[PDB]
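Starting off, we have a lone chain in the form deposited in one PDB entry, written out as structure tokens.
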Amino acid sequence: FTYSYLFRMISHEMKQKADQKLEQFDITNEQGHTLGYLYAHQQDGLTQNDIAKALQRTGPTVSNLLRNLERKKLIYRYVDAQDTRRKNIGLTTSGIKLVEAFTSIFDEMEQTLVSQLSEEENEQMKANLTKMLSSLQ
């Protein structure tokens, strides 16, 4: 089996399983992780470009994702007072409640995954993944 096949499938399947679980929250996988990131780093408090950089997503992409979240009233955006170009992002109380609500799912997946592999194997695995991801700049 080629590597591309492997990764593209374990990630297609991961995305699918995640969406299946998140169906009761009316958000997608990507929105779930974005919401989570915002949960972690809200206090910073980051612009859209920061999210783009942190997530490996282009500007228009995150613009659409964020406009989606904002339509679901899970986040809020305002213009920075110092740099009118910038758009500062924050979680609303609904967004925060939601993040506190699904987050168990992601952890469930991570656990159900690591339970397949012995800790030495899991550690060597993550190390080799990190190295591979490093290879592609």
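All residue numbers are counted from 1 along the displayed sequence. Definition used throughout: the rigid core is the maximal C-alpha set that superposes within 1.5 Å between two forms.
Form deposited in another entry: not shown, discussed below.
Relative to the superposed rigid core, residue 24 undergoes a CA displacement smaller than 2 Å between this form and the one not shown. Core-superposed comparison between this form and the one not shown: CA of residue 55 displaced by less than 2 Å. Relative to the superposed rigid core, the position of the CA of residue 109 differs between this form and the one not shown by 2 Å or more. Relative to the shown form, the Cα atoms of residue 81 and residue 93 move together by 3 Å or more in that other deposited form. Distance between the C-alpha atoms of residue 81 and residue 42: shorter in that other deposited form than here (change of 3 Å or more).
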